[PDB]
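**Q** compute the structure for the input listed below.
(8 chains, ligands or ions: 6)
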Amino acid sequence: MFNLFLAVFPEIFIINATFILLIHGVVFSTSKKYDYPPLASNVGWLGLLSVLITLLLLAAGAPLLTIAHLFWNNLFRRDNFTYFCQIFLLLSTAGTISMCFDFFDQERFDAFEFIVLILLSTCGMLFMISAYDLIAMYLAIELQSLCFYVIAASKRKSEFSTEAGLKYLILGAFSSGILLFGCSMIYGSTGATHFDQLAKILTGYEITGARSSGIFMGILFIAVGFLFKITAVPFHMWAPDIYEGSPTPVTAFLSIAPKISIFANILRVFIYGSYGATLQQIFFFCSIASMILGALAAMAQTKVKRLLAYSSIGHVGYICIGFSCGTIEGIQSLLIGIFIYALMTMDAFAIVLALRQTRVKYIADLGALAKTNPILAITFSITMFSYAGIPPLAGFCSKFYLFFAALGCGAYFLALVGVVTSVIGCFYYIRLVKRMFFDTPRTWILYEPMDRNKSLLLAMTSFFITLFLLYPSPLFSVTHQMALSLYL
Amino acid sequence: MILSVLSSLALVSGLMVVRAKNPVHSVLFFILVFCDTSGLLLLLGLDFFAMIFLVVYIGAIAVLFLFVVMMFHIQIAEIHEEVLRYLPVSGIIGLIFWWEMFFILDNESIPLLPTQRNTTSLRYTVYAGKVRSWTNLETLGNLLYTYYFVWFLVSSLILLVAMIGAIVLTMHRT
Amino acid sequence: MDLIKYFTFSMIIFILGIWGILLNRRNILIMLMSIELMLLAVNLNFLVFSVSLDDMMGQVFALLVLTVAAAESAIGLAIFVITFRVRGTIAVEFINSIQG
Amino acid sequence: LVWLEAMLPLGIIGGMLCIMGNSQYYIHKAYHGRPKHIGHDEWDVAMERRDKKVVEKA
Amino acid sequence: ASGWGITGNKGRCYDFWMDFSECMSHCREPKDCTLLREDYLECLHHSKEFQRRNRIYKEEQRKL
Amino acid sequence: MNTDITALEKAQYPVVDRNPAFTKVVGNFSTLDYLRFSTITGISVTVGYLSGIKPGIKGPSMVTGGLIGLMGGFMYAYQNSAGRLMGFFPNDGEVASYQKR
Amino acid sequence: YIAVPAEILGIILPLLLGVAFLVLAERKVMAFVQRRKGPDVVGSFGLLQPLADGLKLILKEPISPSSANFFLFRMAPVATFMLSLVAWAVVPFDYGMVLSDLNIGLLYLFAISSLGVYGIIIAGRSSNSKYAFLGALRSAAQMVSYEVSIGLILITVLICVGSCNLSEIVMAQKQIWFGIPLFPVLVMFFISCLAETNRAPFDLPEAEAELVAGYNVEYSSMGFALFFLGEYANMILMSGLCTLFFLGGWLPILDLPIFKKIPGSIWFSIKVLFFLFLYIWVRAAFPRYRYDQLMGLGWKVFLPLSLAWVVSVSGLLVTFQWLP
Amino acid sequence: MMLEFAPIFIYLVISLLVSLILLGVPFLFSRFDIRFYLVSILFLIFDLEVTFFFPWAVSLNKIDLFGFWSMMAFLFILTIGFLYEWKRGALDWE
Ligand SMILES: C[C@@H]1CC[C@@]2(OC1)O[C@H]1C[C@H]3[C@@H]4CC=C5C[C@@H](OCCC(CO[C@H]6O[C@H](CO)[C@@H](O[C@H]7O[C@H](CO)[C@@H](O)[C@H](O)[C@H]7O)[C@H](O)[C@H]6O)CO[C@H]6O[C@H](CO)[C@@H](O[C@H]7O[C@H](CO)[C@@H](O)[C@H](O)[C@H]7O)[C@H](O)[C@H]6O)CC[C@]5(C)[C@H]4CC[C@]3(C)[C@H]1[C@@H]2C
Ligand SMILES: C[C@@H]1CC[C@@]2(OC1)O[C@H]1C[C@H]3[C@@H]4CC=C5C[C@@H](OCCC(CO[C@H]6O[C@H](CO)[C@@H](O[C@H]7O[C@H](CO)[C@@H](O)[C@H](O)[C@H]7O)[C@H](O)[C@H]6O)CO[C@H]6O[C@H](CO)[C@@H](O[C@H]7O[C@H](CO)[C@@H](O)[C@H](O)[C@H]7O)[C@H](O)[C@H]6O)CC[C@]5(C)[C@H]4CC[C@]3(C)[C@H]1[C@@H]2C
Ligand SMILES: CCCCCCCCCCCCCCCCCC(=O)O[C@@H](COC(=O)CCCCCCCCCCCCCCC)COP(=O)(O)OCC[N+](C)(C)C
Ligand SMILES: CCCCCCCCCCCCCCCCCC(=O)O[C@@H](COC(=O)CCCCCCCCCCCCCCC)COP(=O)(O)OC[C@H](O)CO
Ligand SMILES: CCCCCCCCCCCCCCCCCCCC(=O)O[C@H](COC(=O)CCCCCCCCCCCCCC)COP(=O)(O)OCCN
Ligand SMILES: COC1=C(OC)C(=O)C(C/C=C(\C)CC/C=C(\C)CC/C=C(/C)CC/C=C(\C)CCC=C(C)C)=C(C)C1=O
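**A** Numbering: from 1, shown residues only, chains lettered A, B, ... in the order given. Ligands and ions are numbered 1, 2, ... in the order given. The relevant structure is shown in the block below.
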């Protein structure tokens, strides 16, 4: 009996460690004897440790995660794809946590519950990746969402943070209701919620004239929920406001991990299921809309956070082009894009968090940065050029695939849109470089140097961004492996 | 006919939820909607869910809403607005949803037209399933804690998040 | 005709929630209430289908969805409370400062 | 023995409870011909419906 | 598809489901399992049964 | 409760025990298992101590870190030992001990 | 179904009489403890006092203050009174003596209890008086707080019985009354019942002298009477529930032919009378808690103990395989 | 069977009529306290706990040890939450 639970050792450990940290934090934060010490950094270090131990347990036990698969079948499904997705999710969570300590001590954000909520949301996203039934998928999505709602409003006396939370909760709850409605329609039409059963029922028919309008609209509503989650246009406008109004570590965490989890869900639901061309057309139109709107709105922005939010919207458009084309290379390119975008976003938010120690808000606040911190201005410039997709930086992969699929699926309007939006993006990315290097403002802002954690993370992500294309084989092989494991 | 009565009550009570000028009144009508829903559940033979909808939706959730809305003391000027100018946008959105979504089951689940003949005699009775009948309660409890226990525990995690968030966002210790 | 009548009941509840979103631009508390109405309609959809299909999966998920609805309302009302506390008012013109 | 005054209202309450039981019990018995059976399940209902036929059609 | 019935016995449509699943588990073309699939879906919704009975009712209303 | 240990991906090494008992797995702990266990626990205690200095609770922080490390290290050692007995990990020692007792 | 209204009236009317005389019995017992005579002028031994008070109330002019919640103000007492009445549909007085033999009766009682709070809340809010509103909020919070412990004790009984049917709960005590092994649970249940019915030592609405205005202070004539009647009917119901769950309902004390001679309804009535006497006695014996103290007791004492009893009973019954 | 609910409805109708008769015959001759929200939240949580207890309590004979320990884990999570609330002062009304 005990050995059956080897399939959930990683999750058991992280949940138990989260409980231990909750108890530790609440017991000593309330201690008069110790004079109510702030425990955000102490619990943060212990939680980073817990995340790393979870990663060790998961990575080193790859076969064991598939033990007792028949017993666990109606609860979840673990395979190679989920293996790599969960490893990447844990790595992203560890990096995001490591970027938070200067924020904890200098702002004096003393709430250790922040770390606990991050860990519980990580548990939720882990269960999201392995979900193999509509019920499990919904429950894990809701756990993740509720944790985000709470942490988005963590600055509870701030107008901005409270506004972010309110908008997030209302729009999140609305989208979740729409998705749940879709799930109910699919169950009513097919008598099934398990992904295997849905695959068997729906395969071979798609729209064979006598199409289940119940099945067709259930798929549509579920897709609407998914598109809200990935911040695809027209279900996107929550994202810029929430990203800007939330505390910056929250914004960094939301920018990466939920995308990984929800894209795992989307792959395993749609790609593994079957209504077909309708849904790929959904993602096609949403990709085009996201690219165009992201480019234009980002061009309008004068503030750093909003610029990065709109940039992420545009990039999810680029990524969803891969899902749309419906090929093994499409899935592989989507995964490569997710990985590279995540690393670049981690780099960008490490810089943003470093600059938040002097309250960076506007793009113009970067003036004369090439004088006051030359190596920081260069590092940030490499990130921008990578965001623009200039070769040989890592960001060039997403552009290359966008056009590869445009000429592979046979889509020339898509190629035209890609060209135009890429040029617009390059303009608003090099505007930052111009501000740091070319401008001569009358008043300068002198920034405090970053802590060791962010400097090390920045140093590694900056080598990856510059040098990835010299040795890109491991990512290519692992992503091809994952794309194949979805069906075999 | 009985489903016509309950659906009419639900329709009117829901319109009152969304259209009452006073939010306390909205919470009270919401409570009427849950009562009607419980009636439908009793018609379906799901007495456990019928009672739980009273215990949780009315007994706990609506009470929370009422406590919060009552202490807010909202003035109507802060939330008033004329809705006559929304009739068209609601007309198109409602109709499209009406035409698509009230009739989605019609092609898959075609109704049996009631004829001028007693079909009740064609009801076949299998006494084997009637020797030991299960309540809704015990049928649900046979499954929640053993075959689908992981989802049960994840729901517990969701409730824990609710508790933590409620404390962290609102607590001001005296 | 039973199944079409049970489904249209839940359907009118869902459409009422949608209308409540559409008609309450100055009243975000009612917007939250409309979202609960939609969640109730989905829950009813699972229960009706469970009976119609003679299958228990609709019933397990209905209970879990009730748990989600409870947690959602708790957290949402906490966020409402803190927004009101910061502003002293619930009017929508005081929650529009993030834009662009 | 003055305390017996307080036992009269309590005795009246007890008699009231006995009435709420027995009156509803005897009315049901008179109408249905036999006392109410606790635990009437699907089997008992099917038995009564089939017994209507087996009696009336004899 | 689950097999758990609402009254504590095997679900009404579970044997049809299992026949369809067992067919699809070895037939490389789903068109070979079309008949079993439509039997499963007929058990869920009774569409063809009710359609035929409505035809009978229609003819009765026409000849009266 | 019906159970089935059968994994999706079969074991690539001889199966000494398909479903080893808890105490058998613990008694199967090797020197390398104990090294992993002790290293994880020691690192966790060290992190607890160092992160606890600024709040002033280095002792209790050491205890908390040590509890986390003890649980994680035991889970990791159990994972390795059970995987060896089940044939999922290289298990030369288990096979040698099995072919003799 | 044509005779169903006769059964319903045969329940409701004697219940209203029983409430009218419970008020008199409370006055009499309180007086006798206080070395005085209660009402003994209006009728012989004061037995006509309840009729006179009810007649006075119906002949009293209603006030209906100039509030903006004219409908809600009068409907709140109707709601609480109807809820107090409808719980008796599932109460069995003897074997087969019950209006509705609900299989889900325990959860139905819990639902009714949870619904009881709305009359008090609405009366406080609709009365247009800050004192009434504050008192109503405090009373509502107290009732919801003690409802948790009531529900957990219900779960303990349910674990022992294995069915939500009240008659089955009674007949499961043929071997032994549940109040013997679960005596601390019964004490907890009685105290929680006191708190749930806003009764002494938990009667905040009665604490006008303590600067705590009750939720019904603005009510006169028959709305106030409806609140009062619902409260006393709920006291009778809580006594009945204590009898059903722990004292074996209609069962005799000993399974002997001498005890089986007297009808089960009389056994049930006598146990209910004992519990009502304890209600009155407790009101006569002790002072009252403050609101904060009783809230602390609800959340810090009775909830943990109720949960612990749930765990202990379930674990013991599972271990030795004594489950129903 | 749902047959037993019909007397409850007729009982409700009669009780309502009695209420109207009794009530109608005499017509012939800005200080937000967060602690109430908090107690509402706690009641909601433990209300759902009782809800989940009911099927478990009637099903203990069939789910045996596995169901017992799964419910125990559920309770462990919720009781950790309760301990958090207790330490933070959510249960103190002074
Ligand atoms: C604690 C607090 C307090 C508040 C609260 O809780 C909280 O308090 C709680 C208290 C709750 C009430 C409790 C109780 C009820 C009664 C229920 O109402 C029963 C209705 C059902 C039962 O009705 C019949 O059921 C049997 C017949 O079915 C009868 O059996 C005969 O027939 C047997 C067979 O020959 C013989 O063998 C027997 O010997 C022979 O006697 C039986 O006598 C009779 O009862 C359903 O019936 C219908 O359903 C049919 C199907 O749809 C419809 O068929 C139609 O459509 C068909 C096509 O579809 C066409 O083919 C048809 O031609 C065409 O007619 C039709 O409309 C109608 O029949 C309606 C809900 C309500 C009000 C609750 C509301 C909510 C509360 C107030 C709660 C509230 C919230
Ligand atoms: C202040 C003022 C003062 C004045 C006042 O108001 C207040 O004071 C108030 C005080 C009131 C009295 C209080 C109490 C009673 C007793 C009642 O009479 C017994 C009730 C009847 C039925 O109930 C019994 O039966 C149940 C079932 O067995 C017992 O359950 C068992 O079994 C359960 C399961 O195992 C266990 O769980 C239980 O523990 C176990 O006990 C239950 O306990 C027991 O009560 C007695 O039945 C009998 O009558 C039958 C008639 O048909 C006869 O049947 C026979 O004939 C058939 C045809 O051939 C054959 O088919 C049958 O085979 C064959 O037997 C037969 O004689 C016999 O059965 C008569 C009414 C009266 C006097 C009240 C009058 C009005 C007042 C004076 C008020 C007054 C107004
Ligand atoms: C060809 C690529 C495609 C096009 C993209 C080009 C992107 C760059 C744009 C080119 C235009 C000109 C760029 C000018 C940058 C050169 C100046 C520079 O970066 O110097 C840095 C140097 O920045 C670095 O530190 C770069 C380190 C990267 C290490 C990469 C080498 C890896 C192996 C080397 C091993 C170690 C050294 C071996 C020999 C000792 C000095 O930084 P400061 O901020 O001035 O002061 C630093 C503080 N302090 C001197 C006190 C330490
Ligand atoms: C307020 C009280 C707090 C209590 C906290 C302590 C207990 C918490 C629960 C800890 C897990 C179980 C610990 C008890 C050890 C004894 C377990 C045992 O006796 O083994 C039994 C088996 O026990 C179990 O396997 C149940 C384990 C409970 C599940 C606990 C969750 C652990 C992790 C789950 C991972 C899922 C992801 C979590 C989602 C949040 C043997 O039963 P059987 O195989 O003979 O037959 C089965 C049964 O009798 C018939 O149905
Ligand atoms: C791939 C392209 C090429 C990459 C090349 C990689 C080469 C390997 C890297 C070589 C590293 C060289 C430096 C090694 C010596 C530094 C040792 C750090 C000592 C240390 O204890 O640092 C502590 C802080 O933790 C820290 O600062 C460490 C945590 C910093 C984040 C590191 C990552 C952790 C999370 C994983 C994220 C993964 C993201 C992937 C999406 C305390 O420091 P202090 O004493 O100065 O006091 C700080 C005030 N509080
Ligand atoms: C400058 O002049 C003006 C306009 O003109 C730009 C206006 O509009 C308006 C006011 C009216 C508006 C804004 C209605 C437009 C709203 C829409 C379409 C709702 C959808 C929301 C968004 C953000 C659009 C995103 C959707 C896209 C891009 C396409 C949908 C998706 C796919 C094709 C997949 C005013 C006053 C105005 O003065």
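**Q** state which helix of chain H is the longest.
**A** helix H:34-88 (DSSP state H).
**Q** check whether that helix contacts chain F.
**A** Yes - counting by C-beta under 8 Å from any C-beta of the partner chain, chain F is contacted by helix H:34-88 at H:64, H:66. Heads up, the C-betas are built off the backbone N, CA and C, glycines and all.
**Q** grab the longest helix from the chain for me.
**A** Picking chain A for this. Per DSSP H, chain A has its longest helix at helix A:159-190.
**Q** switch to chain C, please.
**A** Max-length helix for chain C by DSSP H is helix C:57-87.
**Q** and that one with helix A:159-190, angle?
**A** Angle, helix C:57-87 to helix A:159-190, by axes from the mean of the first three to the mean of the last three C-alpha atoms, to 10 degrees: 170 degrees.
**Q** so is helix C:57-87 next to chain B?
**A** Yes - with C-beta under 8 Å from any C-beta as the criterion, chain B is reached by helix C:57-87 at C:59-60, C:62-64, C:66-71, C:73-75, C:77-82, C:84.
**Q** ok, residue G:242 - contacts?
**A** Neighbour list for residue G:242: G:186, G:189, G:190, G:193, G:271, G:275 [criterion: C-beta atoms under 8 Å, 6 or more residues apart in numbering or on different chains].
**Q** the fourth one: neighbouring residues, count only.
**A** The one in question is residue G:193. Using other C-beta atoms under 10 Å in any protein chain shown, residue G:193 is surrounded by 24 other residues.
**Q** surely it is in contact with residue G:241?
**A** Yes - contact criterion C-beta atoms under 8 Å: residue G:193 and residue G:241 qualify, at 7.4 Å.
**Q** still on that earlier bit, who are the packing partners of the longest helix of chain A?
**A** helix A:134-152, helix A:195-202, helix A:213-229, helix A:238-245, helix B:104-108, helix C:2-23, helix C:28-52, helix C:57-87 (3 or more C-beta pairs under 8 Å, 6 or more residues apart in numbering or on different chains; DSSP states H and E).
**Q** from residue A:67, how far off is whatever residue of chain F ends up closest to ligand 6?
**A** Closest residue of chain F to ligand 6, C-beta to the nearest ligand atom: residue F:8 (38.3 Å). According to C-beta to C-beta, to the nearest Å, residue F:8 and residue A:67 sit 8 Å apart.
**Q** more neighbours: which of these two?
**A** residue A:67 (28 against 15).
**Q** and that one, what does it touch?
**A** Neighbour list for residue A:67: A:3, A:4, A:6, A:7, F:5, F:7, F:86 [criterion: C-beta under 8 Å, 6+ apart].
**Q** quick one: is stretch F:75-89 near chain A?
**A** Yes - on the criterion C-beta under 8 Å from any C-beta, stretch F:75-89 is in touch with chain A at F:75, F:76, F:79, F:80, F:82, F:83, F:86, F:88, F:89.
**Q** among those, which are in helices?
**A** Filtering the residues of stretch F:75-89 next to chain A for helices - DSSP H - leaves F:75, F:76, F:79, F:80, F:82, F:83, F:86.
**Q** ok, the fourth one - how many residues close by?
**A** Meaning residue F:80. So residue F:80, with other C-beta under 10 Å, has 24 neighbours.
**Q** end to end on stretch F:90-101, go ahead and measure it.
**A** One end of stretch F:90-101 to the other measures 19 Å (C-alpha to C-alpha, to the nearest Å).
**Q** and it with chain A, contact?
**A** No - judged by C-beta under 8 Å from any C-beta, stretch F:90-101 stays clear of chain A, getting no closer than 11.9 Å.
**Q** now that stretch: buried residues?
**A** Going by neighbour count (16 or more other C-beta atoms under 10 Å in any protein chain shown), the buried part of stretch F:90-101 is F:91, F:94, F:95.
**Q** so what's residue H:72 up against?
**A** Residue H:72 neighbours (C-beta under 8 Å, 6+ apart): residue G:311.
**Q** on the three-state scheme, residue G:128 is what?
**A** Following DSSP: H, G, I helix; E, B strand; the rest coil, we place residue G:128 in the coil state.
**Q** that one contacts residue G:70, correct?
**A** No - using C-beta under 8 Å, residue G:128 is not in contact with residue G:70; the gap is 10.5 Å.
**Q** distance of residue B:103 relative to residue A:188?
**A** On the measure of C-beta to C-beta, residue B:103 and residue A:188 end up 14 Å apart.
**Q** so these two - more neighbours on which side?
**A** Using other C-beta under 10 Å as the criterion, residue B:103 and residue A:188 rank with residue A:188 on top: 28 against 14.
**Q** let's see the helix or strand hosting residue B:34 as CSV, backbone CA atoms only.
**A** Take DSSP states H and E as the rule and residue B:34 turns out to sit in helix B:23-43. Output of helix B:23-43 as CSV, limited to C-alpha atoms (Å, rounded to 0.1, in the frame of the first residue of the first chain):
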residue,chain,number,x,y,z
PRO,B,23,-28.1,45.2,-2.4
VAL,B,24,-29.6,43.8,0.8
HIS,B,25,-32.7,43.0,-1.2
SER,B,26,-30.5,41.3,-3.9
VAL,B,27,-29.1,39.0,-1.2
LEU,B,28,-32.6,38.1,0.0
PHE,B,29,-33.8,37.3,-3.5
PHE,B,30,-30.6,35.2,-4.1
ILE,B,31,-31.8,33.2,-1.1
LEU,B,32,-35.2,32.6,-2.8
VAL,B,33,-33.4,31.4,-6.0
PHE,B,34,-31.5,28.7,-3.8
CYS,B,35,-34.8,27.7,-2.3
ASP,B,36,-36.3,27.1,-5.7
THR,B,37,-33.1,25.2,-6.8
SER,B,38,-33.5,23.0,-3.7
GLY,B,39,-37.1,22.2,-4.8
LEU,B,40,-35.8,21.1,-8.2
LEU,B,41,-33.2,18.9,-6.6
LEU,B,42,-36.0,17.2,-4.5
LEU,B,43,-37.8,16.6,-7.8
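**Q** which strands or helices does that helix pack on?
**A** helix B:2-19, helix B:47-52, helix B:62-72, helix C:2-23, helix C:28-52, helix G:117-126.
**Q** let me have these in a markdown table, extended by distance to residue A:240.
**A** What follows is these, written out as a markdown table (distance: least, C-beta to C-beta, whole Å):
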| stretch | distance to residue A:240 |
| --- | --- |
| helix B:2-19 | 29 |
| helix B:47-52 | 40 |
| helix B:62-72 | 29 |
| helix C:2-23 | 21 |
| helix C:28-52 | 19 |
| helix G:117-126 | 40 |
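**Q** among the ones you listed, which comes closest to ligand 3?
**A** helix C:28-52 (48.2 Å).
**Q** got the angle for that closest one vs helix B:23-43?
**A** Interaxial angle, helix C:28-52 versus helix B:23-43 (the same axes, to 10 degrees): 0 degrees.
**Q** ok, how many other residues are close to residue A:479?
**A** 21.
**Q** which SSE is it in?
**A** helix A:473-485.
**Q** how far off centre is that helix?
**A** Computed by C-alpha atoms, centre = their mean, to the nearest Å, the separation of helix A:473-485 from the middle of its chain amounts to 19 Å.
**Q** may I see the buried residues of the longest helix of chain C?
**A** C:57-86.
**Q** select the longest helix from chain D.
**A** Under DSSP H, chain D gives helix D:4-32 as its longest helix.
**Q** so the next helix or strand after that helix, near chain H or not?
**A** Next helix or strand after helix D:4-32 toward the C-terminus (DSSP H and E): helix D:42-56. Yes - residues of helix D:42-56 are located near chain H by C-beta under 8 Å from any C-beta, namely D:42, D:45.
**Q** how big is the angle separating the longest helix of chain A from helix A:134-152?
**A** 170 degrees.
**Q** hmm, helix A:159-190 touching ligand 6?
**A** No - Helix A:159-190 does not reach ligand 6 (C-beta under 6 Å from any ligand atom); its nearest approach is 12.5 Å.
**Q** where's the residue of chain B found nearest chain H relative to residue D:41, distance?
**A** Of all residues in chain B, residue B:141 sits closest to chain H, at 2.9 Å by C-beta to the nearest C-beta. Counting by C-beta to C-beta, the gap from residue B:141 to residue D:41 is 18 Å.
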